[PDB]
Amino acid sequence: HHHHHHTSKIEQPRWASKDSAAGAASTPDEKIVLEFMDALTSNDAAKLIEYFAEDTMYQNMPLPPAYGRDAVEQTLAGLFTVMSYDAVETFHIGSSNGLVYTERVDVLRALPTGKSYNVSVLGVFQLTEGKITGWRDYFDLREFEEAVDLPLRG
């Protein structure tokens, strides 16, 4: 057992829009996506899986994809077994052609080591009838694994 290490503060990047509504939901899809982002810090796969359609998918791109609502919940619950969201900060959100995009920072804690890290993420959300039919998050896995001593690949 390891004590909970220091949760680093979420800083506003130089390149982040200063006060514009680049961070605000402009469409109903974007508002859903922003609400999903708020739901992440609950660390509850039950709460999260309700946003998804049956025909959906989910992939953290350095890790294997999950296709289908059933595989998505297995993957979400799986990650919540070793990892926990402490904060999600969304700098830029936008949408075209049925896709939402979020440039954000995820503050994660690795349960087994007690350590914490701020992951720079760009993610894309596919919506249909108000439901998430795809979610892909792009980020560097090695820098996260090494910062919190939690290798996830394989």
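We number the residues from 1 along the sequence you see.
A.B. asks: As stated in the PDB record, which stretch has the larger average Cα B-factor, 143-151 or 3-11?
C.D. replies: Between 3-11 and 143-151, it is 3-11 that shows the higher mean C-alpha B-factor.
A.B. asks: Once you work out the mean C-alpha B-factor for both 40-48 and 62-70 from the entry, which is higher?
C.D. replies: Averaging CA B-factors over each stretch, the winner is 40-48.
A.B. asks: Looking at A53, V124, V121, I93, which has the highest CA B-factor as recorded?
C.D. replies: Answer, based on the entry's C-alpha B-factors: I93.
A.B. asks: Based on the deposited C-alpha B factors for this chain, I'd like to know if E103 is in the lowest, middle or highest third.
C.D. replies: CA B-factor rank for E103: lowest third.
A.B. asks: What third of its chain's C-alpha B-factors does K18 belong to: lowest, middle or highest?
C.D. replies: CA B-factor rank for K18: highest third.
A.B. asks: In terms of the chain's CA B-factor thirds, is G114 lowest, middle or highest?
C.D. replies: Within its chain, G114 is a middle-third residue by C-alpha B-factor, going by the deposited values.
A.B. asks: How does the C-alpha B factor of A87 compare with the rest of the chain: lowest, middle or highest third?
C.D. replies: For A87, the deposited C-alpha B-factor lands in the highest third.
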